[PDB]
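I am attaching a structure below and will ask some questions about it afterwards.
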Amino acid sequence: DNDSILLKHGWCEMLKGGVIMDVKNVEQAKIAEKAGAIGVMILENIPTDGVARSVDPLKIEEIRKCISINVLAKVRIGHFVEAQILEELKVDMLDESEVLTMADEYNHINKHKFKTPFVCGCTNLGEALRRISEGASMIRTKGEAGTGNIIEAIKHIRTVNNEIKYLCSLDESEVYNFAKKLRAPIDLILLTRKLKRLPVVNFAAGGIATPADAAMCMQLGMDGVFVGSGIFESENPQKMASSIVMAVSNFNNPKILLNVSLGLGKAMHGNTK
Amino acid sequence: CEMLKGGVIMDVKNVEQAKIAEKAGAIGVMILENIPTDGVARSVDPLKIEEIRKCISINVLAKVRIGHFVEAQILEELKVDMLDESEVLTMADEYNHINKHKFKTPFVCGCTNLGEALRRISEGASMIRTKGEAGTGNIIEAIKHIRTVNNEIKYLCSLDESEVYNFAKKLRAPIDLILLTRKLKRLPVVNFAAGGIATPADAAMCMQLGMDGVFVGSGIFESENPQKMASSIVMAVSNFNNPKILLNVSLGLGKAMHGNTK
Amino acid sequence: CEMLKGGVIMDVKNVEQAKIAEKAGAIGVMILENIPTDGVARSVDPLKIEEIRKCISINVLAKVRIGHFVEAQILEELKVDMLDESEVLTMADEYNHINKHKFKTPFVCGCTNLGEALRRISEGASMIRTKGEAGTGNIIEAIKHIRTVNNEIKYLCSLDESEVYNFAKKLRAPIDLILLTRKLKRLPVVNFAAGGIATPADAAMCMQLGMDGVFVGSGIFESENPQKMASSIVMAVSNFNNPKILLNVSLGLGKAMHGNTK
Amino acid sequence: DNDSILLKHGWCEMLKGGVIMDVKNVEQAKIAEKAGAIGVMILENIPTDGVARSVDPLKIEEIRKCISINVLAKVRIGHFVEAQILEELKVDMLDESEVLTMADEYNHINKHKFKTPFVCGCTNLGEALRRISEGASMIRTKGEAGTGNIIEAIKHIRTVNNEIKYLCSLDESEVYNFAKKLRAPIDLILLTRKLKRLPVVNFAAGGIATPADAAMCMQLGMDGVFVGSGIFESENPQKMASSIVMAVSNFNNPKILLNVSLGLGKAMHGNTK
Amino acid sequence: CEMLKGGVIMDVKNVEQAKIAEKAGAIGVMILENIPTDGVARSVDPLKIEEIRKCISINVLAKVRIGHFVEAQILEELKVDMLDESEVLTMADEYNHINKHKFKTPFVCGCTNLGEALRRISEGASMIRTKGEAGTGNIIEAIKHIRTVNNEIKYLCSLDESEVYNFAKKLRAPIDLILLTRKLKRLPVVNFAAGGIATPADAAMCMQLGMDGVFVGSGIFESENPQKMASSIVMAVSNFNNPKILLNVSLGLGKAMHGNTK
């Protein structure tokens, strides 16, 4: 248990400073690989009010054999059999995702029962810690998926960042009531507190549409970025893919951020609500 | 009814579909009206059931409206293997269910919670299924219902002998059946999942949660490849604890039914 | 319990009162705490029951708090004829009643409606009484409860075989007992009136409404002339359909208890 | 830490099957000792809307030297300096009590910082577990203190008993959401669950007025009883004290329960609200 | 004001009390009206302050009503060591506090939260205290106020440079002082606890929570033994991290003030 957790943590650290990109087909995977993505996340190829489920394993197998970077897939919240199936397929990581249709409205997957590490979403520290408590090895913000608007991600990033530095301030007495307020396990609160940060890798996700969005999230202390619609719905996916990677790798160098933002084309249109 | 354990019952609108079901390894078919959008949904014409029954040798089931004891008398004459008093048809009596004790044909009824289940059994049902959310291809309500019932059963099973009375008053359920439920540690009749099952993964999930089998309809015949979908769901139900086999019957399935999220 | 039909049970606080009761023709006495105003009302000291029991040869009853199965175990050891799990004492368990099936001593319980009655019988009561409104000398709630139960019983008794299920769910009562109640055309245990009875006229009224007997307490020992009041109530209950006798035992009774109207 | 917790647990086990009694003076202590009490709990001697604080240490010292049974005292919730003072006085146990006036409306004492074991109150399983999480070594129901009415204790005893046997039923998946519902630490929930009971000694308290009240609480699975007003406000404190002890030591023997209830006198008058 | 660190200021109504305070080791006394129940509470008569000041050599403080800048001008003439613009007197201006920058005498003001504290400092206060709940002998509100301020300070101290602006708008407090507060990691003036302190244990508790000292009034002079209570509170404040000494000065104290819980 102890060791199997450390093993998954060792593996996820490899992702720090990386960009994972959402792909619908091989051409998209290749673009992503070409751009410097440390991984791709495979999505249903949709040409509707549909139930969104985990993708057909065969479509994952087809894309994975045409690239050599990491390969991730999504399962429905609480759908432990979709996870069992993808575990058997030897995928690199699973995302128990709120963007797919919930399979169980009360329980998340017990992620301790898998060898494959999981990523999960959060908008705040209690939620993050409850996902880690259930066994997630990595966390991301939920942001606002598919809108091309960065505002919710930013809020989620600032909310967890505060609660974390505050928790770090509280006296040994006050920490209990805060645990009860976050409805989070005191063990992981104390650990967040001796580490001075989130105890697992923590990426931004949802709404990233420009190099400037990506670096902002990094300047706020994130370990990396998921991007989807911002790339493949831009005017020039390939150039946008590469500039976002560069930005993530250089998020403190305004001169490179300028450079990679020149003549980028139109960013995804987006949706303000 | 005990025969049915480990099986898949499939909803069919015609003989082609019925044969696909039989070929898949379905242990029974449930015959439905064949519709080409409100509109009253009633018992099928007995003729149609008779046409299908004669072209297969698996079990045959039909639906009657809630409270409609005359639709049931008519189908009883027809010598069908089982009737489903079904909320998916238009209710006929908003207060009373059929008194199922007056039929020789076993009935199946739906539930979302233990008390409802037990009221249906009290009325004479020989089998129970969840209601899930029919025709949506979304598994979430089925899971809710399965878990709601499993919990209430296990909780019940722990309660001290004096506490059962007040619980029985909260379930609004008969104490005989409550005590039997707590002595069997499960539900006292065969108990299947139904409504929303659209993939092999969905079907195995219900089985991993303790169900005795599954009803599937739209998820097969609105998928890309009904024959391959139907066969994979059967394997899944038979092999629900074998993830290697659940992988294999999901490879290259085509698109599952589109569904509707509300 | 069938012995008790046509009788009067009287509440006594000491031997003097107990003898007045016996002399009147009471078929039993119910022993109460002797209080000289909130304050918790518990089981009587067994010693006191023992002192009174030895000075009479009629039946002897005591009260326990609702849910207090240990007060009941203690009195069970004492070999009393009947216990009353009584709302007039301070409840001990706000959710659960005593499981009365674990005692050899019969229990009596209160009710205001058929479903409550039947829940108490399910829990093991051997006798039922109305709750009326104890200690007020006002008959109105008792009459309400008697009529509420009589109606629900007669209504039940008419219902078609399929309608009983939904009714049983509304009474929140066991269907076995409901069906038995409809087959006896009355309540399946001895059933007395209690709370508020202050005159011979009041006692006969409950009997004319179908009750098997009566419990009286304050109405006797807070009247002007307890011995004459007690004896007249006994005659009344024995002669409830004879208005000439009901006149005669009401002449010159003195003042009935004062009461309280709310 | 691990060992200091085991040490306090070892000590509290000594109390199983015992009756602790609340005393205001030496005469009361002596009565309690004579009756078979394994301990007394010392209270302010009040001859008013007063702030109720921990008692003067001197009054504890005076009573303790006239008996040889265990001696307990009360502190105000969140008042860690009252506890520091009584720790230095070498008292046997402290009760962080809701019957005294709260000193801190958000935080309880961090009880891990003391050698003296603590008892705390609860009305339900989350609350119990949060008190253990903070360091309590023993728990009691809150009941309804001073009313002579057993009804609230019973409710509190039944509430924790259920949640405990249910928790014991849930699948390894469902346990997380229940943890979040009880706002309790998953660690102690899992432990309650492998022990099949409350992980610390658990006594009934508040409203016990007859031998019959005491045994009822034991028949419902409690490890023992606190009694106060029921004894010293009865007609015959000494006889009531001894009968309650006997009942607790014999809570399953109806014949002894009868025997010790004969000619007891009047029980405390009480208050129904 | 920095002189005052580690001290106890005590409220006195006359010379006897003032001497008890001085004898105890109080670093100052706060002079109060001597009252033998609504009624308007105003500045003390300067004569009375003058009588007491002359019989002691510790520091001397008096109260003025909130907003009453003329009471303050009068006491300023009198050459007192400190004024307390105090919510315990009847407010004189419901919207504005005294502009304390126009006096040479330092002021102390109350607060329950960081923003209030900082508004008072902006208005010119040289010292701050909590409000607690005066005259009740209940420590709970003081603890609340101490913790509310400590948290907001430590939180503030963590905030990134851009986040401070919106926080300053929520505290409704000046950004200069906010930035100073975050650079000192504490409050930029001397900061005492006040209201409700009734035992040595209470006084040490505030000190263990980071306060620079304490104000006590009713807790001494309404205890059984004011001289012994006063001396023990002084030792406690001087030795707040020494539990062995906190035990010793609490032995045999007599009764603390009765208090009022609301």
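Read from first to last, the chains carry the letters A, B, C, D and E; within each, the first residue is number 1.
Note that in this section a contact is a pair of C-beta atoms (placed from the backbone, for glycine too) under 8 Å apart; a residue touches a chain by one contact, two chains touch by 3 or more.
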**Request:** With contacts defined as at the top, give the pair, D-E or B-C, that has more of them.
**Result:** D-E
**Prompt:** Where the centre of all protein Cα atoms falls, which chain's Cα centre is nearest to that point?
**Reply:** D
**Fill in**
Expressed in whole Å, how far the mean CA point of subunit A lies from that of subunit C is 70
**Request:** Please compute the C-alpha centroid of subunit B, do the same for subunit C, then give the distance between them in whole Å.
**Result:** 49
**Complete:** In whole angstrom, the CA-centroid distance of subunit A from subunit B equals 39
**Whole-Å separation of chain centres (CA-atom averages), subunit A against subunit E** = 51
**Fill in**
Residue ranges of subunit C touching at least 2 other chains are 69, 95-96
**Prompt:** In their complex, what parts of subunit A are in touch with subunit D?
**Reply:** 80, 106-110, 130, 133-134, 172-174, 176-177, 179-180, 183, 185-187
**Asked** Touching subunit B in the complex: which residues of subunit A?
**Response** 48-51, 53-54, 56-58, 61, 78-82, 84-85, 87-89, 101-107
**Complete:** Note: in the complex, subunit E contacts subunit A through residues 147, 151, 154-155, 157-159, 163
**Prompt:** Mind pulling up the subunit B residues that touch subunit A in the complex?
**Reply:** 136-140, 143-144, 147, 198-199, 201-202, 204-205, 208, 243-244, 246-247, 250-254, 256, 258-261
